[PDB]
Amino acid sequence: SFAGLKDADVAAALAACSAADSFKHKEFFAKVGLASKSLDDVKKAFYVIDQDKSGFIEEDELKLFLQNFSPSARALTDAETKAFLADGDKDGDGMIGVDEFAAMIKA
Ligand SMILES: [Ca+2]
Ligand SMILES: [Mg+2]
Ligand SMILES: [Mg+2]
């Protein structure tokens, strides 16, 4: 929905990673349309994925990343989770803050 994504691009990005261990976060961001948005929409997305409003994406939220796009989406595997987290958490504190998330999507 949010961050001005198109419903057809969300639907086709979930179809591309529907199989376990097929998710690659850089490919998903590009398919879903977010890699090209403005930073203001990038931030909107971050604050949706930060479900408890802590101002970070914790690893448990990151595991449920696709269920922000569709309630019945699968959880990420541990492998998928770990990859995404090591690329998103550049300051090493074990969770994603808003500047580091933006830097990851636009890198
Ligand atoms: Ca959070
Ligand atoms: Mg929480
Ligand atoms: Mg961090």
Side-chain angles (χ1 to χ4, degrees):
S1 46
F2 54 84
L5 297 181
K6 304 201 171 184
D7 285 12
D9 298 322
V10 178
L14 290 170
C17 64
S18 62
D21 287 310
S22 62
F23 174 89
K24 308 307 263 71
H25 65 275
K26 292 313 281 143
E27 227 178 295
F28 181 91
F29 280 130
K31 287 213 195 62
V32 81
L34 197 46
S36 30
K37 285 305 194 185
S38 68
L39 201 31
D40 246 17
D41 285 321
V42 171
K43 282 190 295 173
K44 286 179 192 135
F46 175 80
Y47 282 124
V48 168
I49 298 156
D50 175 20
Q51 285 183 238
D52 56 16
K53 315 318 165 196
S54 53
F56 296 101
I57 307 170
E58 297 85 16
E59 175 168 10
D60 68 313
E61 288 176 338
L62 193 62
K63 194 166 218 288
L64 299 184
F65 175 75
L66 291 172
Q67 297 178 5
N68 307 94
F69 291 95
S70 163
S72 55
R74 54 169 178 104
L76 292 187
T77 71
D78 258 71
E80 283 175 334
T81 294
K82 284 175 173 49
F84 196 165
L85 187 59
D87 192 25
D89 171 33
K90 291 305 182 208
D91 62 13
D93 62 353
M95 52 208 185
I96 311 175
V98 60
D99 288 295
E100 62 188 10
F101 182 73
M104 153 180 77
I105 285 196
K106 315 243 57 180

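Both backbone and side-chain heavy atoms feed into the values below; hydrogens, waters and symmetry mates do not. Count residues from 1 along the sequence. Whatever order the structure lists them in is the order used to number ligands and atoms, beginning at 1.
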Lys43 side chain to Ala3 backbone, donor-acceptor under 3.5 Å: no
Check: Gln67 side chain, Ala73 main-chain N or O, donor-acceptor pair, under 3.5 Å: yes
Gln51 near the Ca ion (ligand 1): N/O/S under 3.0 Å: no
Residue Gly55, metal the Ca ion (ligand 1), N/O/S under 3.0 Å: no
Which N, O or S atom name in [X] marks its closest approach to the Mg ion (ligand 3)?
{"X": "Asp91", "result": "OD1"}
{"X": "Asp93", "result": "OD1"}
{"X": "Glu100", "result": "OE2"}

Side-chain touch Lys37/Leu5, heavy atoms, less than 4.5 angstrom: yes
The Mg ion (ligand 2) to nearest N/O/S of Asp52 less than 2.8 Å: yes
Specify which N/O/S atom of [X] comes nearest to the Ca ion (ligand 1), by atom name.
{"X": "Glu58", "result": "OE1"}
{"X": "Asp52", "result": "OD1"}
{"X": "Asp50", "result": "OD1"}

Within the 6.0 Å centroid threshold, strictly below: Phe69 and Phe2: yes
Short side-chain donor-acceptor distance under 3.5 Å, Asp52 and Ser54: yes
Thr81 to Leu76 - nearest heavy-atom pair and separation: OG1-CB, 3.4 Å
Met95 O and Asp89 OD1 subtending at the Mg ion (ligand 3) (10° steps): 90°
Apex the Ca ion (ligand 1); atoms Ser54 OG and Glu61 OE1; angle rounded to 10 degrees: 160°
Electrostatic pair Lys63:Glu80 at N-O distance under 4.0 angstrom: no
Atom CG of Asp7 with >12 non-hydrogen neighbours under 6.0 angstrom: no
